[PDB]
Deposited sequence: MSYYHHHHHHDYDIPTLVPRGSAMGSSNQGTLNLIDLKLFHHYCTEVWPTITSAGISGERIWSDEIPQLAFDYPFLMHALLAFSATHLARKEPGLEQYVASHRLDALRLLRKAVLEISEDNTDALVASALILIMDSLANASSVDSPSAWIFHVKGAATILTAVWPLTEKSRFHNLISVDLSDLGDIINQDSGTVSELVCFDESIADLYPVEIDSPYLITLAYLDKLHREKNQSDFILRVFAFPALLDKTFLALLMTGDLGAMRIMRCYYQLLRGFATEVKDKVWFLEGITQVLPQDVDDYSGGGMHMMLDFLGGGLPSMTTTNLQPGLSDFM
């Protein structure tokens, strides 16, 4: 029929939106610049996810368009969770990029945002780990090949001994704070709860005290970081209205906040 709307939205992505991604701290410029756009021609679910994020960013200076954010994301999730079942090595990078786009898109609106966030972040978990052939490998995770939270110290947790179910997560979280300033920190701290190891995660959803103390320290880092770049990164603006400072101020309290971002399932 000829569609100038998606044409406008896609042109907007390769002109105005991808630099939006790179100046928030993400690296791999040609990832966002050209590799993701051509990936979208082979995988519809990525194209819809690109298009929706694009409309979301443009709808800041044009009305209309908010019915185009809704169409493209529903279509993106529909095709995602079946693409999510035949996960392949030809379509994992397309699946990670869609999840990252969907995360930034959901983050830019402020119960539904949580529901898309959680769904989007389930794609990261189902693809984890990535071969290091993936364009996306060092942008979402941290180097774990080697050997504190002022408000709620997790010091009565070290020493960590080798068979602790906290070892991996404490290491991960420790490495995550010291690249607080290296490239791709946005993606790594967003991707963290989605890449927890299976045993820690099982411990968490039972309410293990130690696992929750560790996650609340993570939360200070994530909210701290968001508090500090909200000014700069358009798709994080006003996320700290959504994320309360006392996570016990969520409405079931901190434990239902934990459950609503980690629970559910098919």
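- Stretches of the deposited sequence lacking C-alpha coordinates, numbered from 1: 1 to 30, 141 to 146, 184 to 197, 317 to 332.
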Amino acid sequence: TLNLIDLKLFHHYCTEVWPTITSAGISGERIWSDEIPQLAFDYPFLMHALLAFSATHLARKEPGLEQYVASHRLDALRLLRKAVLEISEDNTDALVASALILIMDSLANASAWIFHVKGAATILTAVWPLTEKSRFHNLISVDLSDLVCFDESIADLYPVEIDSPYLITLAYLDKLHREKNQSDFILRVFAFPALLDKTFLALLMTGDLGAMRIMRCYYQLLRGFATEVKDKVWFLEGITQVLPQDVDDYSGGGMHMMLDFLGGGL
From here on, numbers count along this sequence of modelled residues.
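- In this entry, 58 to 66 shows the higher mean Cα temperature factor of the pair 58 to 66 and 217 to 225.
- In this entry, 150 to 158 shows the higher mean Cα temperature factor of the pair 164 to 172 and 150 to 158.
- The PDB entry assigns its highest CA temperature factor, among 110, 187, 120, 196, to 110.
- Set against one another, the Cα B-factors of 104, 76, 130, 191 in the record reach their highest point at 130.
- Among the modelled residues of its chain, residue 255 has a C-alpha B-factor that falls in the highest third according to the deposited record.
- The deposited CA B-factor of residue 97 belongs to the middle third of values across its chain.
- Ranked by C-alpha B-factor against the other modelled residues of its chain, residue 141 falls in the middle third.
- Annotation for residue 42: CA B-factor lies in the middle third of the chain's modelled residues.
- Among the modelled residues of the chain, residue 183 sits in the highest third by CA temperature factor in this PDB entry.
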